[PDB]
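Presented as structure tokens, the chain that follows is alone, the form deposited in one PDB entry.
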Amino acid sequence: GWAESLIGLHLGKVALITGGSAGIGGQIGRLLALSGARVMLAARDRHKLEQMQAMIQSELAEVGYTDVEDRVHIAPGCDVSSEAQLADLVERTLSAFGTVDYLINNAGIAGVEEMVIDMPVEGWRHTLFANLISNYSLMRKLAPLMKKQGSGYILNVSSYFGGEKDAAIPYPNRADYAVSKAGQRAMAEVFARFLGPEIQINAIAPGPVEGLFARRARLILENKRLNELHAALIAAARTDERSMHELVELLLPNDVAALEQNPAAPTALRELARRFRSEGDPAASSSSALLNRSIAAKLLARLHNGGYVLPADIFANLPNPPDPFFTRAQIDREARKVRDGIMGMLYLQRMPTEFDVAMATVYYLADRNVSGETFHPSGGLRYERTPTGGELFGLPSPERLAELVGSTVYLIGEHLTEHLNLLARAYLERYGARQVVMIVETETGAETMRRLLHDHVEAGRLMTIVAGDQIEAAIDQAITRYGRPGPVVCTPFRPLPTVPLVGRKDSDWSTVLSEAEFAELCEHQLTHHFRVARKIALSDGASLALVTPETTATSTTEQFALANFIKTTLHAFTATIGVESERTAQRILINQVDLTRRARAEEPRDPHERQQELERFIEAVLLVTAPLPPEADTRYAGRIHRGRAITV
């Protein structure tokens, strides 16, 4: 009865559904098959996939389909993070059914589930490969066949937490996931004009959908302890003569009351210990002990990763606090807080089911007049939003600019030599920065910058470092030799590629952006900024401007599309890390400055307009990098000056 309006809706269509053994993907495959499509279900676990296939074939036979074994195929052991496995999947699908009509890019992993400053770089990369690069890879293999037959559909299964057009959605402790989700949407938004008229490309962005939850609440409490201890140590080290090593030594007796009562301990640590005592459960050992071995190891990793010098065995003798570190009452109160928080987002006060979200998606797939859209099959959500794309701004206050006098500035980049030169000269000549550390990618880049900045190089004001693919080690060299940075400007080392984004109908697409080229694009234009943001925040940088690629009136149409893909995708990272930093009492101000515009007609057309643009660039960078004075960083002003993006 419920399937009566579904049967026949997609008759004759061939669909490939990744992550098709469970969740929304399993339901999408089920309903597409009931609607008449022949489906290929891909997943890792063979058993789960075989059970799903059997349940679907059984339901197909129940409603009257015959030869059900020919309508539902499976591709077990398929790990979408592997390019070789994606090639095998396409070969198996085409061998079974011929040309794919619908590519349902559903497979997704949760990701690292850590704040950026605890996120391994290889972990971030793995999330991008599984959740985003896999979507491009499957489209690159299937779109040529779709265009040749004259029709096709690519559906990327994004999330509400991937943001929307002109608004980023911060997703703390999930930056890798949020970026992958936003990239899935951005891919649909920028490829639509290229894939049209033959192929439709859209995203779906569902919100939340329907023992370990107590384990997760305990992990939140352990993360909160880590954050508070790390923030206070970082803050104490800024204004104390003691080294980070000597400061960490105050924590070794692991006694909250003794730290609070120590007249010689820095104010940030004494005030923190007071908070541990006040806010703590007296039955919990976390109210009398500062940390445990697990928090201590994670704290040590943060300090080491921020270039702070400490022996690896500093916590070897740390007294072990008695169980419970956090009481069952504390853990249950945090679990209820998480639960009520999610439920509280819902305007309709009811959790959508995977079945209902899939039904709405399968009806949506019948619509032939949409491309570049993000459909919300579930929605009505109360959640923090960060609008992006504002272009009307001015210089910061003279009080914020005065804070630049005597500062250590780090500039990162290579391709944008003119921007790098003007920026170094603005900080040194106009705002009295003590020194600029120019971190480039190659020796050729280093030489070009040294020649452009010869006067400041000879005066010892401009120092150059060659990073190669080792940006973290390059920042460590800068820290040891020149001191920790105040303001940091991160531009991409590489320009955007100029290859086609789609091929001619009767061509083999041999020159079209390859799967490896798309991964390289994500590395140079997304991972680049993440690695810098992670390292600079850990290294106690005062501010960080993330700069997107430049588009001009002469940039190719493909470059405009890729630039806009990056700009949208990076906005998710900027908004997330900005909220993460703010919520955990980190000083760093992280914002994005966009050199990419949506259309050619908006770009400067003459030398006067170009001069106006370059001056706006400097003003935009100063607006986000001039440090906030002592009293100015209120709860109100703090949220304004973090996770924002402005277009030059």
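In case it trips you up, residue 1 is the first one in the sequence shown, and so on. We call the rigid core whatever largest set of C-alpha positions still superposes within 1.5 Å between the two forms.
One more form of this protein exists, namely the form deposited in another entry; it is left out here, but the text below deals with it.
Annotation: the position in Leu416, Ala561, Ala519, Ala273 displaced by at least 2 Å at CA between this form and the one not shown, with the core superposed, corresponds to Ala273. After superposing the rigid core, the Cα of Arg44 is displaced by less than 2 Å between this form and the one not shown. Relative to the superposed rigid core, the position of the CA of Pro311 differs between this form and the one not shown by 2 Å or more. Relative to the superposed core, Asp166 undergoes a Cα shift smaller than 2 Å between this form and the one not shown. The Cα-Cα distance between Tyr482 and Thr267 is lengthened by 3 Å or more in that other deposited form relative to the form shown here.
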